[PDB]
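Residue numbers (the deposited numbering), protein chains in the order written: chain A, 160 to 703; chain B, 163 to 703; chain C, 255 to 355; chain C', 160 to 703. A prime marks a further copy of an entry chain.
The beta carbon of each residue, even a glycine, is placed where N, CA and C say it ideally should be.
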Amino acid sequence: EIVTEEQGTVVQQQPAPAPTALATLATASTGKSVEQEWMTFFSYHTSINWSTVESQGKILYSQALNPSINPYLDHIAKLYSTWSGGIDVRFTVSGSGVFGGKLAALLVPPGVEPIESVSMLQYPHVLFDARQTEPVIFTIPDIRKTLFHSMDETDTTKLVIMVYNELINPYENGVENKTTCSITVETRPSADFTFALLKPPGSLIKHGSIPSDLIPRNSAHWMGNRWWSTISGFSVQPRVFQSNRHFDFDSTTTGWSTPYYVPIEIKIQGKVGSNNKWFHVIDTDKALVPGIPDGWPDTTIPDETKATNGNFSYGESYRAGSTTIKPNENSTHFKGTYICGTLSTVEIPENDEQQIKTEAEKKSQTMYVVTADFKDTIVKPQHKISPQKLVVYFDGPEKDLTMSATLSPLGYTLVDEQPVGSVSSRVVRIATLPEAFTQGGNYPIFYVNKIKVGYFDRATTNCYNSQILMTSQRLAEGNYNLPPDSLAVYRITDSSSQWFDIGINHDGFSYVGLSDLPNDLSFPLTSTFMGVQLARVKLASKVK
Amino acid sequence: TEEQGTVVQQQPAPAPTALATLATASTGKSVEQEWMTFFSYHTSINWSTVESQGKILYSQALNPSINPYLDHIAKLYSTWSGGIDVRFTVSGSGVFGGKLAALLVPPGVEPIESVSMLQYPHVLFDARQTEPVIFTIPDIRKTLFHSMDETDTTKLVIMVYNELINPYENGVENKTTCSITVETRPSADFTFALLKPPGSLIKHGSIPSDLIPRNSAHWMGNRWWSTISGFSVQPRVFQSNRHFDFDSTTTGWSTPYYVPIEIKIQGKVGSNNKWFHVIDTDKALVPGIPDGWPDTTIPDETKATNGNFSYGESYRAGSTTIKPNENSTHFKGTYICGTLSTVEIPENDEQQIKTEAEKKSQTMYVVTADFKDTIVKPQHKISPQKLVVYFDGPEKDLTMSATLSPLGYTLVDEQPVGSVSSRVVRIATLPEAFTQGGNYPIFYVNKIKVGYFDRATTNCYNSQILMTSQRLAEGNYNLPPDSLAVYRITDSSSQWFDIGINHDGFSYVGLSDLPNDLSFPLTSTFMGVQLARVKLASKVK
Amino acid sequence: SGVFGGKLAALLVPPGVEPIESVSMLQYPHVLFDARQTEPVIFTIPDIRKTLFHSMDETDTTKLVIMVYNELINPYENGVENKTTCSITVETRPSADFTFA
Amino acid sequence: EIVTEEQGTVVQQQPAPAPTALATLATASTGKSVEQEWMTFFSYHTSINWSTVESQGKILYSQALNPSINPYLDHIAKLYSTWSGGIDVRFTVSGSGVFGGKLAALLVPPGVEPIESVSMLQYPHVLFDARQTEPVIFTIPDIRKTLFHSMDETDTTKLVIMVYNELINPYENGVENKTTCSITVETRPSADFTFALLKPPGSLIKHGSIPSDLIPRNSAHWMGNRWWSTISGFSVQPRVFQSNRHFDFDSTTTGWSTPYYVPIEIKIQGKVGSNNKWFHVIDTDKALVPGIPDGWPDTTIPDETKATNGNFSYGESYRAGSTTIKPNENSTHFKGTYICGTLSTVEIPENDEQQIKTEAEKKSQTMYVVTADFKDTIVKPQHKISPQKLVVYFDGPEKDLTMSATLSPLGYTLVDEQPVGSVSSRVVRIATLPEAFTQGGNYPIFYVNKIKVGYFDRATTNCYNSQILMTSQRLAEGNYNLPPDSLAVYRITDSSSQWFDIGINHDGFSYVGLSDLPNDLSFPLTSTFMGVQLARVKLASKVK
């Protein structure tokens with residue numbers, strides 16, 4: 160027969176006390192009264208800085224009503240598939256009695272995008288003076304067209320904290336920056352706020368989850384998708400581009416490698432009737448795209464060069480110091496390649512053995528991998544990866560044989576001052592090269608790494624990355640969505656007191672509301688999710 | 163009496179209550195804690211006709227963990243009390259036969275797989291069940307409530323009363339199975355108490371219910387990064403490096419991760435050898451020893467003479483015998499590591515080195531031993547001085563820095579890597595685990611790239627799964643030093659066996675030897691905590 | 255066959271959530287019906303919606319999922335290479351409250 | 160179908176009589192009345208001798224509430240796992256009507272260890288006079304902070320009886336004319352006493368049980384820890400220590416042998432051109448530690464000597480009188496080794512080259528086992544045992560023989576006037592050496608055995624032991640609970656009227672309330688468990 164949800168015969172057993180009496184003793188000691196206690200107090204949400212530089216009208220905070228606003232809701236929310244109701248707020252400013260300045264908070268209804276203008280104040284708002292101690296408390300109501308919110312919805316009442324009267328300080332002794340205080344925002348679910356239908360474990364969100372964890376909270380977990388190094392800088396450009404571990408908002412990748420740094424396994428061709436140092440790669444074992452090994456470098460060589468043997472060689476122009484660099488003083492042939500520590504072995508043939516065994520017993524050597532055309536005597540650069548454009552350079556065998564090696568990248572063979580991946584035409588476009596141009600007032604940006612250089616000493620050079628490894632992972636494995644003309648905005652803050660908003664777009668690139676970005680900023684960064692904003696609105700910031 | 167802060171009036175007001183009503187009308191909201199109005203999947207049990215009387219097919223102690231929702235919420239609280247209903251839905255054929263006994267074991271008592279347990283009050287359901295049986299586990303306690311760390315609670319046990327039997331079954335060595343699904347529903351008297359400050363710890367320590375990944379696909383070794391491929395029961399297990407215990411202590415010199423080894427070498431004029439000394443290292447846990455430096459050392463002594471691989475015909479695939487004498491390789495028991503070396507050209511005086519600086523990088527073969535310029539002696543007690551690298555290093559007075567990443571191993575013989583105390587590097591002491599009362603310790607095995615052979619590989623032992631090492635390292639776990647964190651491993655077949663983790667960090671098994679035919683795509687699930695004195699369960703053919 | 259054994263599970267997934275195939279799905283309220291079930295069972299798929307009505311183009315509605323709860327069993331099952339199977343036919347009838355607008 | 164715990168159809172058997180008939184016949188001849196008959200009568204507990212010497216303050220009785228007090232309760236408690244309720248205690252005093260004096264009764268709360276002092280009387284207390292007639296019954300209430308007790312709990316309420324007013328006798332002639340009256344204490348379970356949850360027959364106890372059987376009843380069963388002889392004396396040292404057969408309350412051992420005395424199975428190697436006296440041990444059959452053989456003696460030679468052939472040779476200043484002893488007189492090269500008979504049996508190769516079989520036809524000889532360093536020329540003492548430092552000494556072979564043997568410790572090569580293992584430096588450690596230091600007023604002790612020597616007629620020397628052998632076996636194979644801050648106390652009573660308290664600490668060492676126990680002690684001793692007390696509490700004793 161048919162069995163419902165609680166259906167079932169209940170049996171009684173000997174060791175069995177009085178459930179109720181025990182329950183009472185607990186609540187007696189506990190003090191239990193309401194079942195959802197997190198609805199009776201304010202929880203720390205976030206904090207935003209307020210500088211003397213920002214002028215009347217700037218929005219220092221624009222976050223939309225979502226259970227995510229409250230740590231507890233955000234947690235329970237994972238069990239449901241629908242929510243509705245409002246959320247209370249308690250915000251306070253922590254400034255010096257010496258400071259001066261008003262702040263205004265207002266609730267904007269859905270279907271409306273805020274604007275950093277003073278006119279927004281000709282609307283009901285809450286006043287908060289920098290000198291106030293008593294926190295102010297109000298509620299972000301839940302205005303909605305639907306009967307209830309699905310988990311993907313983002314168009315909800317939005318709380319906006321704008322600057323009413325510019326913050327002042329009677330002390331102009333500051334150099335890099337005058338002063339600044341904190342604004343903390345606490346949340347408490349409102350009485351009407353309630354979770355709806357339960358969501359069966361492990362289900363997805365029919366329209367795509369809100370992209371709130373694309374960037375890691377701590378810059379210490381930031382690694383680039385070009386190099387496994389740890390992000391250490393940003394670079395604003397009028398056009399960003401990359402194709403390899405760059406993933407689209409829909410887990411799509413025009414590249415040929417996964418969002419993980421794994422060892423590369425290839426097979427090289429040993430040439431008999433010839434004495435060359437550059438070898439071809441027959442095939443690879445582990446690969447996303449049939450033919451191209453997963454993880455094969457993203458750049459090519461600068462110019463055409465003969466297959467002549469050689470080692471490193473740089474002129475006095477490169478020598479220690481900081482003087483101008485000369486691109487013609489680089490006599491390194493395998494310049495622009497990737498240094499890859501290796502573990503190789505050779506296959507000993509049957510009876511038609513000539514003297515391969517000798518070579519097989521040889522110690523492995525570091526291979527200098529790269530991608531480019533390779534005819535008889537010349538090695539031309541190629542920015543169109545293919546199972547036939549994989550070249551390797553090293554003191555390999557001179558006898559016909561097939562060698563297998565498992566190598567892992569560790570460095571780049573310096574070419575010049577320019578950071579790796581800076582030239583479009585030098586980036587291995589597998590077919591289409593994803594790109595992002597300046598838009599409105601926001602500019603695209605690369606994430607800067609640090610690749611170890613080969614000839615110099617404990618030296619390194621800068622490397623551009625289109626996305627942060629974790630972003631690529633999340634976007635590649637998860638199920639995210641992003642309305643038509645909008646982007647996932649995040650607030651990056653350094654250990655100093657500077658911050659700027661980064662807005663990942665659908666394509667996967669990050670933007671900023673600045674022409675340039677400083678480098679003199681304490682790097683133990685931290686980022687928090689702000690929300691989804693229209694891409695036609697210049698991203699906020701506070702640097703220089 | 164007074165609430166901190168002042169309520170102000172905003173214009174856009176939540177004033178409407180009808181909105182709520184509408185919400186409610188279209189969603190059908192009733193109760194606030196829906197997980198209390200229905201049973202939810204917990205685990206499944208495959209009752210076989212081979213499993214005899216006395217065997218325990220299920221044993222769980224009352225705890226939020228036995229329920230999906232309960233568990234996910236418990237993370238928010240610091241206190242819980244109350245029982246939980248466990249509903250068993252047996253589904254076999256009406257033609258079968260067999261009984262299953264249920265019993266509640268009070269706290270402070272560990273059950274054992276014996277029919278003695280039935281000389282205690284027990285009820286029993288039959289193999290041909292029609293309607294589900296619900297057993298409600300009482301919360302017997304001597305305290306007003308439970309602390310999130312508490313585990314000693316009432317335990318529900320399901321023992322095989324009468325062996326399952328199938329008539330239509332052949333007399334030939336075969337077997338039929340009767341599936342049973344176990345679900346849970348928190349009883350009415352169940353409740354979470356005080357909230358816990360997010361990020362805070364559990365004074366006494368969180369229950370170890372996540373030390374082994376759910377999928378064997380995420381089982382990397384704490385010795386070699388390759389994913390686990392098999393197990394090995396040994397009367398004694400041991401390891402030191404990258405092996406953590408429940409106190410989060412480590413007798414090793416490496417962290418629970420795999421990172422590049424930044425090293426610093428130095429060559430001197432006139433050296434007919436190729437073995438070098440390590441003078442310094444950047445990133446390091448134990449001052450002076452590079453983080454991640456291999457845990458194995460060279461087998462025997464040998465002159466520090468240049469050489470290449472070389473194995474007699476006793477290593478040709480096909481011979482079930484290997485004479486360790488044919489192996490003339492000098493850098494035996496060495497770890498192959500890709501490299502990226504650079505040279506420090508001294509001040510403007512004599513750039514005769516700029517020649518050795520422009521040379522292409524070589525892959526160094528690392529090991530740990532004592533270095534008397536003439537002969538290299540195997541040392542199992544690591545120290546910043548016993549760090550030794552071997553390759554075609556410069557024969558000129560120099561100081562070279564290198565960054566390597568282990569990729570393989572210089573084969574020595576058929577025996578797996580680190581399967582012998584003597585060859586296991588350590589600092590102070592060497593952690594170990596011996597068989598104790600029917601529970602034998604194990605080694606997690608994984609494959610590691612080898613010497614000059616083809617795409618060949620040899621077996622490598624590991625005391626912990628990389629993750630256990632991580633969790634245990636960065637976590638605040640805990641369990642009585644007389645107990646084990648038990649997990650149940652199930653292969654892609656009807657085979658399974660329990661694994662108990664020692665407080666020291668080693669794993670045990672209730673068998674003296676595990677099978678080979680294990681369909682490896684594995685899955686683990688936390689069972690709970692058991693006294694070590696009890697033989698770990700298992701069902702293997 | 256009356257000799258069989260096994261049970262299927264019936265779920266009702268809310269709109270706006272795509273179900274995944276996994277046991278974890280059973281950690282959600284569900285109804286069971288045994289293999290030897292006789293009289294047909296009728297599940298009504300309720301129209302849970304966030305709008306006042308539907309548009310002919312809408313597709314994100316409530317969903318009824320049927321999944322294996324307890325493997326199908328046959329006492330005469332000789333082995334793995336001796337698969338056994340029974341049929342289940344699904345039919346629809348518009349609910350009392352169904353309406354074109 | 161579901162079968163409950165008593166479910167079942169009862170069938171009547173043909174050949175069966177009427178129960179009621181036989182039933183009464185029983186009740187009639189047996190006199191059966193109630194069920195827990197032990198609830199209806201006081202059972203002996205202990206007795207108190209109140210003499211005119213004990214002054215105001217002296218505690219004559221201090222019992223803690225615990226089912227163990229009553230032989231009946233104690234037995235029933237074994238089926239259960241929970242208890243709660245009090246226990247009535249009856250004191251029956253019988254002194255002359257001519258006497259005078261008063262005792263005081265206190266009820267100490269749980270969680271507070273009472274001290275012996277008059278200040279104790281500054282607490283509510285009841286008095287009863289020496290000429291009291293009808294017994295007094297004090298009920299020890301179960302004051303607890305938990306809902307019920309666990310069989311392992313011991314920190315309960317405590318009833319103390321102390322001298323309030325000295326005992327007086329008008330005929331008391333003086334101080335050397337002690338007078339005394341008896342008080343007998345009995346127990347009867349209180350109305351509210353109750354055993355709670357039953358425990359499944361084979362189940363194990365998660366929290367060990369109370370240590371009440373760690374020291375056997377009669378000293379006749381007190382075998383040693385180091386040696387197998389029967390204990391015959393004690394030694395109060397400011398620091399005790401041992402590591403071999405010594406066992407921890409956690410059932411752990413830093414030793415290499417089990418808590419039993421079994422024969423030793425080693426294997427001696429003999430090659431030509433090597434040593435013809437001291438030999439190295441190779442493998443072993445029975446062993447706890449992978450290399451070291453179970454039972455291998457835990458002592459080493461006093462000084463370093465050369466591998467020279469020798470025999471017993473003690474100066475005349477030994478057993479010929481009561482003279483002293485000089486370490487120079489004794490020149491027995493193998494001094495310090497353990498004498499132990501054996502069963503020799505050498506192997507024979509398929510091609511017996513040398514005269515091997517000639518040896519295999521030789522009568523086995525007694526070996527002189529020990530743990531020391533060996534470089535074929537010199538034998539130096541090494542307390543750090545290992546599967547290497549295992550050396551034996553005797554005549555042995557010469558050719559290339561692989562002789563296997565089976566030893567059996569019987570004696571010891573005398574060395575000094577001091578007992579065996581009385582020196583830390585000489586005790587074979589292995590990694591760490593367990594030890595127990597003086598603790599305020601409790602001094603650790605050594606159990607003194609009597610091991611046999613090897614030259615003096617039938618004389619023997621004293622051998623030290625860290626714990627009675629049974630104590631070791633039980634801590635080994637058992638599961639006992641004891642809070643480190645406390646120690647399991649035992650009353651040792653002499654064959655006369657002498658006694659002293661012995662407390663075992665968590666580590667496994669026994670203590671005493673004295674700094675030196677007397678020599679004259681009729682050794683047919685007896686023991687009786689008292690309970691668990693704090694370590695910072697001087698143990699009782701009525702010696703001298």
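Is there a Cβ from chain C' that is less than 7 Å from the Cβ of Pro418 of chain A?
Not one beta carbon of chain C' lies nearer than 7 Å to the beta carbon of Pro418 of chain A.
Contact between the segment 539-553 of chain C' and the segment 437-456 of chain C' is defined here as three or more beta-carbon pairs at a separation below 8 Å; is this criterion met?
With the cut-off at 8 Å, the segment 539-553 of chain C' and the segment 437-456 of chain C' touch.
Return no unless some Cβ of chain A is closer than 7 Å to the Cβ of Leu356 of chain C'.
Yes, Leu356 of chain C' counts as interfacial toward chain A.
Run through the segment 238-310 of chain A for me and flag every whole beta strand (DSSP E) of 3 or more residues, listed as ranges in chain order.
As far as the segment 238-310 of chain A is concerned, its whole beta strand (DSSP E) runs of at least 3 residues are 241-243, 246-253, 261-267, 285-288 and 295-299.
Quick one: what's got a C-beta closer than 7 Å to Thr205 of chain A's C-beta in the same chain, skipping five residues either side?
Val344 and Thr687, listed in sequence order.
Is the Cβ-Cβ distance between residue 111 of chain A and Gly672 of chain A less than 7 Å?
Because chain A here runs from 160 to 703, residue 111 of chain A falls outside it and cannot be looked at.
Identify whether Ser563 of chain C' lies in helix, strand or coil by the three-state DSSP scheme.
Note: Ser563 of chain C' maps to strand in three-state DSSP.
Residue nearest to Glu213 of chain B in terms of C-alpha spacing, selected from B:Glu594, B:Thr530, B:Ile320 and B:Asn489:
Out of B:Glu594, B:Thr530, B:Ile320 and B:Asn489, the CA that lies nearest to the CA of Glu213 of chain B is found in B:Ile320.
Measuring straight from C-alpha to C-alpha, what distance separates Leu286 of chain C and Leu181 of chain B?
Put simply, the backbone Cα of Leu286 of chain C is about 35 Å away from that of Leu181 of chain B.
Bridge partners for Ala647 of chain A per DSSP, in chain order?
Per DSSP, A:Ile663 and A:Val691.
Go through the segment 332-418 of chain B residue by residue and report every complete run of the beta strand (DSSP E) that reaches 3 residues or more, in order.
As far as the segment 332-418 of chain B is concerned, its whole beta strand (DSSP E) runs of at least 3 residues are 339-348, 392-395 and 398-400.
Nearest candidate by alpha-carbon position, reference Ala564 of chain B, set B:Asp532, B:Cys499 and B:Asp372
Proximity to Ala564 of chain B across B:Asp532, B:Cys499 and B:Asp372 peaks at B:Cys499, based on C-alpha coordinates.
If you follow the beta strand (DSSP E) that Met321 of chain B is in, where does it begin and where does it stop?
That run of the beta strand (DSSP E) goes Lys317 to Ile327.
With distance defined between alpha-carbon atoms, name the residue in A:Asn638, A:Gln632, A:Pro643 and A:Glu636 nearest to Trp381 of chain A.
Of the candidates A:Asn638, A:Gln632, A:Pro643 and A:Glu636, the one whose C-alpha sits nearest the C-alpha of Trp381 of chain A is A:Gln632.
Taking only three categories from DSSP, how would you classify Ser674 of chain A?
Three-state result, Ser674 of chain A: coil.
For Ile327 of chain A, which residues from the same chain have a beta carbon less than 8 Å from its beta carbon, with the 5 sequence-adjacent residues on both sides left out?
These residues qualify, in order along the chain: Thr211, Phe258, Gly259 and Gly260.
Along chain B, which residues have their Cβ under 8 Å away from the Cβ of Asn470 of chain A?
For a Cβ distance threshold of 8 Å, residue set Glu520, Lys521 and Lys522 of chain B lies close to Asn470 of chain A, ordered along the chain.
Based on the DSSP secondary-structure assignment, which residues constitute the bridge partners of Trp209 of chain A?
For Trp209 of chain A, the beta-bridge partners assigned by DSSP are A:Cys340.
Here's the rule: buried if 16 or more other CB atoms are within 10 angstroms of the residue's CB, otherwise exposed. What is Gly256 of chain C'?
By the Cβ neighbour-count rule, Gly256 of chain C' is exposed, with fewer than 16 other Cβ atoms within 10 Å of its own.
Who are the neighbours of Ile161 of chain C' on chain A, taking C-beta pairs under 7 Å?
Within chain A, the residues whose beta carbon sits less than 7 Å from that of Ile161 of chain C' are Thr168 and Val170, listed in sequence order.
Distance check for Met310 of chain A and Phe352 of chain A, CA to CA, integer angstroms please.
Answer to the nearest angstrom: the Cα atoms are 14 Å apart.
By the three-class DSSP mapping on this structure, what secondary structure does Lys516 of chain B have?
It is helical.
Pull up the DSSP beta-bridge partners for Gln222 of chain A, would you.
Looking at the DSSP assignment, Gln222 of chain A forms a beta bridge with A:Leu318.
Heavy atom of the ligand FMN within 6 Å of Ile207 of chain C' beta-carbon
The ligand FMN is not part of the structure shown, which contains no ligands of any sort.
Taking the CB atoms as reference points, tell me whether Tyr527 of chain B and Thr496 of chain B lie closer together than 7 Å.
It is a contact, given that the beta carbons lie within the stated cut-off.
Only counting the same chain, and skipping five residues up and downstream in sequence, which positions put a Cβ closer than 6 Å to that of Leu502 of chain C'?
Once the five neighbours on either side are set aside, the close Cβ partners of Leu502 of chain C' are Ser523 and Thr565.
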